[PDB]
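Peer 1: here is the input, now give the coordinates:
(chains A and B, ligands or ions: 1)
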Amino acid sequence: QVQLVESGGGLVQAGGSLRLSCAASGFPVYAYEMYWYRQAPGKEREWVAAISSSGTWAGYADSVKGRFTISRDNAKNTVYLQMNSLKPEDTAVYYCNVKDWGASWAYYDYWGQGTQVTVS
Amino acid sequence: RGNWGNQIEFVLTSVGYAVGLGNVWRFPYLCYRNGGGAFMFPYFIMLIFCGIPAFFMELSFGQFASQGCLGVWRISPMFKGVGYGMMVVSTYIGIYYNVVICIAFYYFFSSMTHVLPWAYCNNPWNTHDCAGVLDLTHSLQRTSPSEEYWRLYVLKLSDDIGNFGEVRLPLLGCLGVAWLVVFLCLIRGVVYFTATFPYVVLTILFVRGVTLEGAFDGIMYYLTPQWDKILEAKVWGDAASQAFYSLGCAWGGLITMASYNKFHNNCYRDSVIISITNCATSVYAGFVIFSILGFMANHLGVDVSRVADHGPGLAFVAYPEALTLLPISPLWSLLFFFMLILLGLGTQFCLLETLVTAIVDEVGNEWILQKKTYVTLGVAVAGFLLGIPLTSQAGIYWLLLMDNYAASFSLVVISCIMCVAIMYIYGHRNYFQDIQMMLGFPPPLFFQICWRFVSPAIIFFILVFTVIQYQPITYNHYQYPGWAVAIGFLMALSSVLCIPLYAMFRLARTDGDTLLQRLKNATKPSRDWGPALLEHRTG
Ligand SMILES: CS(=O)(=O)c1ccc(OCC(F)(F)C(F)(F)F)c(C(=O)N2Cc3cc(F)c(OC4CCOCC4)cc3C2)c1
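Peer 2: Numbers count the residues shown, from 1 in each chain, chains lettered A, B, ... in the order given. Coordinates below:
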């Protein structure tokens, strides 16, 4: 049922900007915190950002703070990662994520398809 | 200001008295029934101008003479019916406040699973209207899976008070456990955890509630005032009942507990600290509930004012709904319902410690003291027996009737009668000196104007306009029948008529055999009135 589909990747130069979108479907997404992760080549899957159900609290990785801005439009069932002041080390496959705790002692991470960002 | 870790333990022991089910369970539901914007101004007016004065009066009155809620009516023996009235209030509380604890024990035990049952619509109790926070076009009249768990699994709610149906054996098992833990503790009769665990637990659910979409609609409905609902006497009656109830006024336990307090203790200081932190706690517990109602509003597709217009049960629809949006959700549910249990049992302990003490003080000393355990047992047995219909299939219809009538404005009129009896029959002049004998300073002028003029004036007009404007009680659009509201009035005045009934009895027993001088003989203080052995300026 749950699906996540990212778009907005590609080649960009250092100092550039990209906005990644994640389109979510198959669930009442307004009830869920949404997350962004990135998998750099030759590196383990790393956390980047998280956003509250309403967008009141938004949290970032220390290596991203002040550079990227996470936001959401719950009518469109989307969460975005606005990337600014991009640097070569930001080159990674960016994955959209939601963790459904299911009112239980554990969560199922549902993963998006992954969208490549490449910074020259 | 720092006090070598000693006074801060006196602050935290005080804080543990201010937080209770009277504000974690009871304040949010009344606040919603009245509609938050309309409730907050009357609540603050009645707490400032009536509640705090009557709380300080009940503390002082008991501390000074050092006698229980009955034996303190030695200022004017005719009014001992005020004390018996407070025992009728306390006995209406004890029976129903243990079924509030049944429901807490049921949700605590029910939390011992892999998945919280109230999270989804895939269960057998659910209707086709179940919306689902985690779970085409289905329904015109959507519901929360937590409203259905409460209304169709916990309590298989009948359509009427008359349909008692069958008793809920699991809830009745919890009534047994609730009355055992209470009774066993009355034989056994660390502060930091009791005084802080409610606040860290409420803060978790608050930080959760704030982060949900539409929370601001719930908060806005809570805080934006309704200067249009202001002439409804029912709003002022409910606000008065909550302001007196949540402080323990006219339950008589305050007087009885204060009788054990040191004669020179600062009962002014303790009244401000308890009542201010109680006020703030109530507003906080209400804030989190309303931040959750704001979420249920856009999740169901309706105005916040009609999402969950319950009575008892709002805390069992709303807090459960929020818990399913926390990570490791059943851990926090076990900790949350354990917090409710240890908040509830702590007030039953103080209520039943009081009730037994006053029943012993009333009777011939030795044999009734040998009976101390047997009478406490007799109270817990009788408290289980009188609780059975509240575990029936009609249970909460009676729970709202006891809480909205037997234990509501009756507390305000019983304490108003005391206010006038002390201020005008005994004499304010005499009473303020009596306070000054133990505090060293007179009451602040604020309490002097409040006791003498404001409190009887406000209470008298809320009483008069409630009689003029009364409407039949409703639990979420079930309108109560004629016989049920008549029982509501009988429970409500069962505790008040105790006053004139004892007045007739003394005016028969007393010496005089004349029209009015027997009333003067009956209203002036007893020869034994005042404090114990050494503490006399007049004696
Ligand atoms: C907040 S609530 O849940 O709405 C609520 C309502 C009524 C309550 O009890 C009233 C009662 F205590 F009277 C009772 F339960 F006995 F009926 C309580 C409740 O447990 N207590 C309030 C309160 C007040 C104190 F000042 C007090 O100690 C003082 C120690 C020094 O000497 C003077 C007293 C101790 C208690 C405990 C909570």
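Peer 1: tally of neighbours for the residue nearest to residue B:55 when sequence neighbours are not counted?
Peer 2: With sequence-adjacent residues excluded and distances taken as C-beta to C-beta, 6 or more residues apart in numbering or on different chains, residue B:55 is closest to residue B:247, at 4.5 Å. Backbone N, C-alpha and C define where each C-beta goes, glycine included. The local packing of residue B:247 (other C-beta atoms under 10 Å in any protein chain shown) involves 27 other residues.
Peer 1: same deal with the one 10 residues further on?
Peer 2: Taking other C-beta under 10 Å as the criterion, the count of residues near residue B:257 is 21.
Peer 1: try residue B:138
Peer 2: A count of neighbours around residue B:138, defined by other C-beta under 10 Å, yields 10.
Peer 1: thinking the residue nearest to residue B:55 is in contact with residue B:275, fair?
Peer 2: Yes: under the criterion of C-beta atoms under 8 Å, residue B:247 makes contact with residue B:275 at 6.0 Å.
Peer 1: find residues that contact each of these two.
Peer 2: Counting by C-beta atoms under 8 Å, 6 or more residues apart in numbering or on different chains, the residues touching both residue B:247 and residue B:275 are B:51-52, B:55.
Peer 1: need the contact list for residue B:63.
Peer 2: Residue B:63 makes contact with B:258-259, B:261-263, B:265, B:267, B:438, according to C-beta under 8 Å, 6+ apart.
Peer 1: which residue, other than its chain neighbours, is closest to whichever residue of chain A sits closest to chain B?
Peer 2: At 3.3 Å from chain B, residue A:103 is the closest residue in chain A, using C-beta to the nearest C-beta. Distance criterion C-beta to C-beta, 6+ apart; nearest residue to residue A:103, sequence neighbours excluded, is residue B:119 at 3.3 Å.
Peer 1: what's the burial count for the one you found?
Peer 2: Neighbour number of residue B:119 under other C-beta under 10 Å is 25.
Peer 1: identify the residues contacting it.
Peer 2: By C-beta under 8 Å, 6+ apart, the contact set of residue B:119 is A:102-103, B:133-134, B:145, B:324, B:329.
Peer 1: what do you get if the cut-off is 10 Å, keeping everything else the same?
Peer 2: A:101-104, B:132-135, B:145-146, B:149, B:320-321, B:323-325, B:329 (C-beta atoms under 10 Å, 6 or more residues apart in numbering or on different chains).
Peer 1: and those residues, which of them are in helices?
Peer 2: Under the assignment DSSP state H, the contacts of residue B:119 contribute B:145-146, B:149, B:320-321, B:323, B:329 to helices.
Peer 1: give me the subset of these touching chain A.
Peer 2: With the criterion set as C-beta under 10 Å from any C-beta of the partner chain, the members of those near chain A are B:145, B:320, B:323, B:329.
Peer 1: what's the PyMOL line that selects buried ones from these?
Peer 2: Of those, the buried ones can be selected in PyMOL as follows, counting by 16 or more other C-beta atoms under 10 Å in any protein chain shown:
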select buried, chain B and resi 145+320+323+329
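Peer 1: what about residue B:205, which helix or strand?
Peer 2: Assigned by DSSP states H and E, residue B:205 belongs to helix B:191-210.
Peer 1: okay, now residue B:180: neighbour count?
Peer 2: Look at residue B:180: counted by other C-beta under 10 Å, it has 12 neighbours.
Peer 1: distance of it from residue B:101?
Peer 2: Distance of residue B:180 to residue B:101, computed by C-beta to C-beta, to the nearest Å: 12 Å.
Peer 1: how about residue B:143?
Peer 2: In this view, residue B:143 and residue B:101 are 26 Å apart by C-beta to C-beta.
Peer 1: between these two, which is the more surrounded one?
Peer 2: residue B:101 (27 against 21).
Peer 1: contacts only, for that one.
Peer 2: Contacts for residue B:101 (C-beta under 10 Å, 6+ apart) come out as B:21, B:25, B:108, B:174-175, B:177-179, B:181-182, B:340-341, B:343-345, B:347-348.
Peer 1: what about those residues, which are in helices?
Peer 2: Of these, the ones assigned to helices by DSSP H are B:21, B:108, B:174-175, B:177-179, B:181-182, B:340-341, B:343-345, B:347-348.
Peer 1: against residue B:38, how distant is the residue nearest to residue A:103?
Peer 2: Taking C-beta to C-beta, one finds residue B:119 at 33 Å from residue B:38.
Peer 1: check residue A:77 too.
Peer 2: Residue A:77 sits 37 Å away from residue B:38, going by C-beta to C-beta.
Peer 1: ok, the two, which is more surrounded?
Peer 2: Set side by side, residue A:77 and residue B:38 show more neighbours around residue B:38, with 20 against 16, by other C-beta under 10 Å.
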